[PDB]
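For this one, two forms of the same chain are given in structure tokens, first as structure 1 and then as structure 2.
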Structure 1
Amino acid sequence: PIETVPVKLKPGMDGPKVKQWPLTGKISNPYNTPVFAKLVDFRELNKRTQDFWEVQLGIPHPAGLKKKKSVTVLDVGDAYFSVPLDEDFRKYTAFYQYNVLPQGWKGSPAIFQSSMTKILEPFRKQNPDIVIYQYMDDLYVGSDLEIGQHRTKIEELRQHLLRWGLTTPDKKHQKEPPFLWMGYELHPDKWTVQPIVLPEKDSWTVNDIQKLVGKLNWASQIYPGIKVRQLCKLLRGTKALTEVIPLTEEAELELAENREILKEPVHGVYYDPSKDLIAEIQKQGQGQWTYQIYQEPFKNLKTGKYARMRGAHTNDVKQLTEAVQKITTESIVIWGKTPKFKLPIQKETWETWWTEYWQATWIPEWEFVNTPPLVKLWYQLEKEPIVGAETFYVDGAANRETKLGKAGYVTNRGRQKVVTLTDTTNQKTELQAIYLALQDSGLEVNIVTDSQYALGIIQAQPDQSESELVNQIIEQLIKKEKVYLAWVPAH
């Protein structure tokens, strides 16, 4: 006898009137629903049933749990059958109608959840330091009480629940820690990801290679150093999920490598709200960033890898910024607060950057950590034209259909050059002309262009791009002593 959840059907609809398929106190009228073996097909009813508030679609991260001296899991049997179905909505379930939440119905998981929350509320009020986590049919109960007092408390919970018809496994039949939940291995004082066995094969198909890479990633969450690049060349051009791909010489290397890394076990400690949160970020190769979050030096709560080209043209500062933004977003979810950052960029580099970037950009409280490689700015465009430096008036243009173009320049000093391009685009020819001025000029240049497009890319100080051409332009720019780019209207 737990309060009943009222339920209607989507406006302008009526209960399922689906004929019965010919075949061979929880249930007691123009409707009917298919039933056989006892599995009911409520697909039609569900398509008639109103919408309910989402079920727990976001699960907790171990990194954000607090240490408990003892933990227990209680699986609730006959969960759904233990809760009453809206008296009025009962008719629409005829098949003999239900009096309880039906297995396989739309609002069952939700109403059950809502019910459990209301049943737990009392017991919770009385037990403020006993933490209960509801996850489908399971009840995870942790506390800081010693082994015996804890057992006594679980027994209270079991009885409270029993008052409501909810039965649970006694101490003898309960499952004991650690808990294997959603790819994790939970201990009352430490966590980790469940066992990772890299198959030792001599015949790998596409399905094996993909699953492997699949397992590898999920581990990187705690095992920094793993690599998947030399395996992720094994999929290129694969004809089918059963095509057996021979592990290249380098493919057995990376694997053997990871295989070894995975041999040494690493455990994530839990969260202590009395201490500060701290995240440190390293630049692990161009475009790849790593990070670890902790409260005590080396006792990581969570660690991670980022590799996201936010577009096509960026730099380490912008990349550093985004990494910080993602870590911040995770942090708010998991712990409810932003960690203090330890970043590999000097205050003055960051200052120079955000102060003159056209986009509002910000980084929460952080401090420089001197760990090479440091993120810096590879070149700074001159704020005013350079005296004594040659001036290149560049120009590019390509017919958008023949993809035929020309790019070149003319300097104040009489220097001129015109190159013909093929299979090019206007933009590419505009970039090309700038490229040329840079190539053929000294350590100091004044470059005039009519390309807003090129002007924009370059002014943003990119240092990494997908465009080979933009990358050549960066290389040149890094070499120059002074470069002043200036725009002028075209035509």
Structure 2
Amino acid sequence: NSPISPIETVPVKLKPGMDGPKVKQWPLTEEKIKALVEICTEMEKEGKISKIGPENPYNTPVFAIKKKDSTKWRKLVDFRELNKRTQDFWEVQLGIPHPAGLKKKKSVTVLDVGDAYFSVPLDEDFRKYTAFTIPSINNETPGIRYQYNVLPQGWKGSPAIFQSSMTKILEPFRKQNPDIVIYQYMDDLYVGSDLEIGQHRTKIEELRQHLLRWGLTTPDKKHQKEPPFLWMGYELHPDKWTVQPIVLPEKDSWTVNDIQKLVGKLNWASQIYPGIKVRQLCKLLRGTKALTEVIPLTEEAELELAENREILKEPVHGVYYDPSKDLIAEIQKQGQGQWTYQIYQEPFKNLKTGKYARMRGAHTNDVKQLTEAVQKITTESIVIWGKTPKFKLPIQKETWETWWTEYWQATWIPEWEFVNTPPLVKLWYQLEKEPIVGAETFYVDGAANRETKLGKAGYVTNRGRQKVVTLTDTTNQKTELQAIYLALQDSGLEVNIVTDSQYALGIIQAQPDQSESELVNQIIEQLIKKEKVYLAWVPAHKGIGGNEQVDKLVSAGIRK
């Protein structure tokens, strides 16, 4: 049948301290035992396997299967035990190539290697462990036994050793053809050059022949696939690329399974269709689940899905990369902590788009989110193109400088420019750096009991006001945020607040504009309405005047 490469074999070992597999073969039907003899004979002739006697003590089970409306039999070997015992190998491919990172080429050819694994030898010292046995009719006589001389299907080392082999075989060609691009992916090779079609169709052949001289067979000009190439969920045309067509189902009733698959089809679409959202659709899945159970769509979810259909209405495409030009990345806020971005080299011809719509922690603001989004896009660009883009961001240079210079975490956006595409990222309040003369100084505190969970939150002020609200099923943290919230409602537009909660202070000093906490979100509304808030901290239980008095009020029937 087909060649096996003369390439040097990769030494292979079992995991230290483990002997090979010795799994018992289970008896099979005559039908199967016949199918298997027919197959293994045919394989032996071709060099893939060899007969070996009962000297070899190892065994892996074997099986034959034939589909319902069919007549070809297939052999299945169950390498689970040998795989447990085979060494770990180096991970095949760190990632998979993005279309947007491909450089356009005048002519491009796809070459699948035929029967890749069977075209490569296996380390002789290791073959013995690949032993299997076709058994006799009702297991009377000892079975016929074999071992592989090539890479077996489903064995742990085949993918890696194959790639390794193809790499070594390609090295020379590459050195003597530096202007030719050869992508390696699984059995495939994608070959692109800027040469004129005549010289391209020549060079392809030298490759096919170079490959054949190492036992690797490939399809000839007649059998070679044509543009556009369908590949890994993409369409690859001669000067553009897109995702393969997206069919958004129309349903009376939506199941978890229907929504799960929809989110995915959209998430996949988001890499070239700008503006795709999935927040409201994802919210639905945040529950006990049950694939076949119907979830009725909410209004927000229907508005979101409808908007997505509109975007997907007419097809959209992305250009290929051009390493002479720079990369420009633009980001826009879609609201709800959803961010959308586009990357182009010439405006507005996108290489790709994407979305960031994440929640790092519990309390956050847009300035922080935009930084994260920038950070994410920057890693993405280093992976795809090998350089970082120039950014264009909806934030005043002024707003940015104020934030970073005063914030406590180190932070750093690389070269960027402001672009006035509303909504703009701003900070919605700032806290005073100095106490406010002629403003009521509230001293606030909260206390919760750990057994009962019954809390109290309140204040005492220098104008002699006081309040104490009682809370049920609460915690120390929540009472201390209630305490600040009371002080904000009851005070007027200017106010100083003293607290003994580093927890509250820390949250509130980071200038959040959104939270998972409802109480924080209320405290936020208030801080915006105010004109001046100063917020200081004193240590608790030190008899600091003001603090001590609200401490007595909130401790009443809660703690000693």
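Just so we're on the same page, residue numbers count up from 1 along structure 1's sequence. Heads up, when I say rigid core I mean the largest set of C-alphas that superpose within 1.5 Å between the two forms.
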Once you line up the core, how about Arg158: does its CA shift reach 2 Å between structures 1 and 2? no
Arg308 C-alpha relocation of at least 2 Å between structures 1 and 2, rigid core basis: no
Whole-degree angle by which the smaller rigid part turns once the larger is superposed between structures 1 and 2: 17
Taking the rigid core as reference, the Cα of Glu250 travels between structures 1 and 2 a distance in Å of 7.4
How many Å does the Cα of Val18 travel between structures 1 and 2 when the structures are matched on their rigid core? 2.1
Could you tell me how many Å the Cα atom of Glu87 shifts between structures 1 and 2 when the rigid core is held superposed? 1.8
